[PDB]
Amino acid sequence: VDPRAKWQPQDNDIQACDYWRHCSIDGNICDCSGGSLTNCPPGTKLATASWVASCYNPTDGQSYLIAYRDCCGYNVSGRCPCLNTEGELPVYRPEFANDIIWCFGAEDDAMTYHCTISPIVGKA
C-alpha cells in the first residue's frame, strides 16, 4: 500500500516485507523456502559476502546493522519477494548497494541467487 510511503517496520511477522530487519532486503525471504530468518535452506550455499543496512527495531527503539548474506546455488525461490531500500546507496558504494548478487564466498562457487537472510551483525 503506497509503494512510495515511508517505511514502517513491524516486529511480528518475519515473512512480511515490513519486518524490521528486511529494511534493505532485495530478493526473497529465506524463511519462505526452507531456511530461516538467519540460516540457509537445505542444499544452498551461504555466501561470505553481503550488503549491510542499519535498520530500526521498533520494539527496542534501537538500530542494528543487518548483513544481508545470500543463500545461493539455486534458482530464485519465488516465494516472499521484497525490495526495501532503507539507506541504499549507488553501485559505486557497494557495501550498501542491494542490486548486486552477494553470493561471493559461497562454497562450490555458487553465484545464482536463491534467497537472502537477515542476521544481525551488531548495533547501530
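Residue indices: 1-based, along the sequence shown.
- If you average the C-alpha B-factors over 58 to 66 and over 30 to 38, the higher value belongs to 58 to 66.
- Stretch comparison (46 to 54 versus 70 to 78) by mean CA B-factor in the PDB entry places 46 to 54 on top.
- Within the group 24, 112, 116, 12, the record's highest C-alpha temperature factor is found at 12.
- Among the modelled residues of its chain, residue 86 has a C-alpha B-factor that falls in the middle third according to the deposited record.
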